[PDB]
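Read the single chain below, which is given as structure tokens and is the form solved without the DNA.
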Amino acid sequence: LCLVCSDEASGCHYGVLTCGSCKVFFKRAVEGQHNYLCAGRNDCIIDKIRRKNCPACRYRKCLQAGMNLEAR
């Protein structure tokens, strides 16, 4: 299971057991430019449904999980 947006995970990538999308998301969200906002809220729960409400919390969530694009 995806330990970010709490969905059926395809396989682990980077540092943690994530879905298919959280992989690609994270690699953009780290080594790229981002425009996700929960920089001064950080309220919403990111799961299988509510992740469409906010892709900002997902970055925070995956990081708490232990994601690292230079993990092992």
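Throughout, we count residues from 1 along the sequence that is shown.
Keep in mind that the form deposited with the DNA bound is not shown, yet the notes after this line are about it.
By the criterion of a heavy atom within 4.5 Å, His13 is counted among the residues contacting the DNA in the deposited complex. In the deposited complex, the DNA sits within 4.5 Å of a heavy atom belonging to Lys27. Contacts between stretch 26-58 and the DNA, counted in the deposited complex as any heavy atom lying within 4.5 Å, involve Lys27, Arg28, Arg51, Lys52, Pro55, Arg58, listed in sequence order.
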